[PDB]
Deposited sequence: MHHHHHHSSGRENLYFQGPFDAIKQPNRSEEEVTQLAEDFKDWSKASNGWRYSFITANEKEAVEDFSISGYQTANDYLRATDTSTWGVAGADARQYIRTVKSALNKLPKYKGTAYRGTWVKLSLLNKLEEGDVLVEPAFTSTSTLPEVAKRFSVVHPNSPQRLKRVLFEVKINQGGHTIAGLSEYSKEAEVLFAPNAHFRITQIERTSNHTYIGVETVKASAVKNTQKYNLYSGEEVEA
């Protein structure tokens, strides 16, 4: 996991790489994409992901109201747009917070299911930015830095945004664990994208709630 652990590259080099990825993204386009779809994706990266991901993670969305209908529409529009954007395959990174109770159970070959959209960056510097602050919660959480091998599901949204080199998955993405390294304050987890329907005879867990997902 030294790609993650090592010191960040300079602003200049990271900004350059992000710009090159944005360029590659645009160059790799799509003609079917709507104005509402481009606009939803631009908004997504800045603020929209906050509402969409809360909706996707919510135990009870009967309480949301008119805002639920808007959230469903937004999610549908973002998923539709994603399918029209260029695929990315290669390595990407994501920093997040996970229940220690789940982390304690995890082994290589277990599958993690993200109920929200999954946003990753090709730049570990950018990934590390989004997990700096410890959230407040009833739950004991620990910082997790994922190294993600992407061979399906990931689409670049960097063409439509930003120096984030962002690659996005639709909700319910499944990730098979290939390696775990546990330390104090940081757990590193290597994962590979897998198709849900190809997951057999292993244990799946919901990455947010920590609950087992039915085989």
property: Unmodelled ranges, which are counted on the deposited sequence from position 1 and given in order; result: 1 to 19, 49 to 51, 184 to 185
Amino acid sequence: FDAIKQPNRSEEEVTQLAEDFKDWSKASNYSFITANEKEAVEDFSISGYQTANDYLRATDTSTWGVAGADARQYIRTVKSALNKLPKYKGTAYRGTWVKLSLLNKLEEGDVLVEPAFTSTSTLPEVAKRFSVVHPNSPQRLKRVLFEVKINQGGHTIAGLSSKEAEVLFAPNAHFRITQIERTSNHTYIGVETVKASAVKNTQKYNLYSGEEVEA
From here on, numbers count along this sequence of modelled residues.
{"item": "At least a third of other PDB entries omit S62", "value": "no"}
{"item": "Unmodelled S162 in at least one third of other entries with both flanks present", "value": "yes"}
{"item": "Residue stretch of maximal mean CA temperature factor, 89 to 97 vs 68 to 76", "value": "68 to 76"}
{"item": "Residue stretch of maximal mean CA temperature factor, 186 to 194 vs 56 to 64", "value": "56 to 64"}
{"item": "Given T156, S47, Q179, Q152, the residue at which the Cα B factor reaches its maximum", "value": "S47"}
{"item": "Options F175, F146, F32, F169 - largest CA temperature factor per the record", "value": "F32"}
{"item": "CA B-factor placement of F21, once the chain's modelled residues are sorted into thirds", "value": "middle"}
{"item": "Relative C-alpha B-factor of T118, binned into the chain's lowest, middle or highest third", "value": "lowest"}
{"item": "B-factor third for the C-alpha atom of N201 within its chain", "value": "middle"}
